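Trainee: Before I ask anything, here is the structure I am working with.
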Amino acid sequence: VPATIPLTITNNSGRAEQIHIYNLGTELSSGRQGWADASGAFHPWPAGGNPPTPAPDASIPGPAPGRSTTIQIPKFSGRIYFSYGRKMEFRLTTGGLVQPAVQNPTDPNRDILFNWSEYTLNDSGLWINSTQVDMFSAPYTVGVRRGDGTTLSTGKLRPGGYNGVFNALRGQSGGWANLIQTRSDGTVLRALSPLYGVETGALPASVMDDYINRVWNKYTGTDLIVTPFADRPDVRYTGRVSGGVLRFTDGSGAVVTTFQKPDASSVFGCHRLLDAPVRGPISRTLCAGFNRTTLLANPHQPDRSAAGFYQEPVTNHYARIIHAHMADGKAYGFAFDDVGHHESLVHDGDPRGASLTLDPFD
């Protein structure tokens, strides 16, 4: 893999605003945090602080409507951000770049229309994604041109899919409507993922309690079988609830990890009581089963197809709705949507180039 590959950025947004691009992350060779310019040259961030202090302007001018621009991506792990009209405000803490947190009303980027793609380019190739783990906002498609010349892309919404997602969220009772952030003059900005919905009070900590209790009851009287390694189908862990705790045993008979009854943040964020650091692979499987609400219906996890996903009246509706509106049915609707390979990521080991397309607000 060469030192850089070209990323072609195309503006199909249909919008008139100028575009600002940021390539922010960590340099592979040095491990230092900073940004890369259009030529691929790396610029380490200056030292930050506690409290965090302002970052220098790392913007690169993006493509005008109907046109593309090219930047060179170096061996780097990080994010390509794009914003419409306004520049983003980034800050630097002791340890480096502060991530935006627009679930906070006071975040300096709260009112800016922006999104990002997550990528890694290293000696083993390129990984680039379309993600909705934190929010659903300005749409985009990412792609890779593989060593053999073939292309893969993902992230593309169906026609009418952008407004389709918002309309479906607004109509989902229970608090999902309060996930939507809307310029007080009505125009939609983004919808927060339900993890951040719990944080903001849009959804209650108890929203999944009825379903979770049903799962705990079921697996008090029968085994939950988890085979969490896609390439090692014979490695199985057996879960059973006793004393209110879901306990997993391995082939040898040892209890290897235990789970307390989870809450909404734990499920929607795949963390806390569902932390995934042998526990990690098991937890990741359970996380996906709770978000897709397949745990009750299928005692042999993970699921082998998506046919039974999202059928319960209370489920991760944000994820359900986004997957339904993606052209390829894939999305990063929650952190472990890669369970069963349903996530919007493309990869190649010997990439020739990559693409980011800013899509229309359709």
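Letters for chains follow the order of the structure tokens (A, B, ...), residue numbers begin at 1 for each chain, and ligand numbers begin at 1 in the order shown.
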Write out as JSON lines the residues of region 156-229 of chain A that have any atom within 8 Å of an atom of region 307-317 of chain A, one row each with the nearest atom pair and its distance in Å to one decimal, counting only C-alpha atoms, sorted by chain and then rising number.
Mentor:
{"residue": "A:169", "atom": "CA", "partner": "A:317", "partner_atom": "CA", "distance": 7.7}
{"residue": "A:172", "atom": "CA", "partner": "A:317", "partner_atom": "CA", "distance": 7.8}
{"residue": "A:194", "atom": "CA", "partner": "A:316", "partner_atom": "CA", "distance": 7.8}
{"residue": "A:207", "atom": "CA", "partner": "A:314", "partner_atom": "CA", "distance": 7.8}
{"residue": "A:208", "atom": "CA", "partner": "A:314", "partner_atom": "CA", "distance": 6.9}
{"residue": "A:211", "atom": "CA", "partner": "A:314", "partner_atom": "CA", "distance": 7.6}
Trainee: Output C-alpha atoms of each residue in that selection to a file, as a PDB file, in the first residue's frame.
Mentor:
ATOM      1  CA  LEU A 169     -39.015   8.759  13.408  1.00  0.00           C
ATOM      2  CA  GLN A 172     -42.831   6.668  16.290  1.00  0.00           C
ATOM      3  CA  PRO A 194     -31.278   6.482  20.831  1.00  0.00           C
ATOM      4  CA  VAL A 207     -37.981   1.849  27.387  1.00  0.00           C
ATOM      5  CA  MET A 208     -36.823  -1.750  26.784  1.00  0.00           C
ATOM      6  CA  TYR A 211     -38.773  -6.933  26.409  1.00  0.00           C
TER       7      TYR A 211
END
Trainee: Give the helix (DSSP H, G or I) residues of region 142-313 of chain A, as assigned by DSSP on the backbone, as a ChimeraX atom specification.
Mentor: /A:161-170,176-179,194-200,209-221,264-269,272-274,279-291
Trainee: Which residue gives the smallest distance to residue 88 (chain A) among A:36, A:21, A:188, A:195, with only C-alpha atoms counted?
Mentor: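 Using only C-alpha atoms, the shortest distance to residue 88 (chain A) belongs to A:21.
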Trainee: CA of residue 227 (chain A) to CA of residue 214 (chain A): how many Å, to one decimal?
Mentor: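 One can read the CA of residue 227 (chain A) to CA of residue 214 (chain A) distance as 21.7 Å.
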Trainee: If you count only C-alpha atoms, which residues fall within 9 Å of residue 110 (chain A), apart from same-chain ones fewer than 6 positions away, as a CSV table (one decimal) with N, CA and C atoms, in the first residue's frame?
Mentor:
chain,number,residue,atom,x,y,z
A,100,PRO,N,-16.8,16.2,18.6
A,100,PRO,CA,-18.0,16.9,18.7
A,100,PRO,C,-19.1,16.1,19.5
A,101,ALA,N,-19.9,16.7,20.2
A,101,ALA,CA,-20.9,16.0,21.0
A,101,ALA,C,-22.2,16.8,20.9
A,102,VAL,N,-22.9,16.7,19.8
A,102,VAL,CA,-24.0,17.6,19.5
A,102,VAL,C,-25.3,17.2,20.2
A,103,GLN,N,-25.3,16.1,21.0
A,103,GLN,CA,-26.4,15.9,21.9
A,103,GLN,C,-26.4,16.9,23.0
A,104,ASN,N,-25.3,17.6,23.2
A,104,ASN,CA,-25.3,18.7,24.2
A,104,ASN,C,-25.7,20.0,23.5
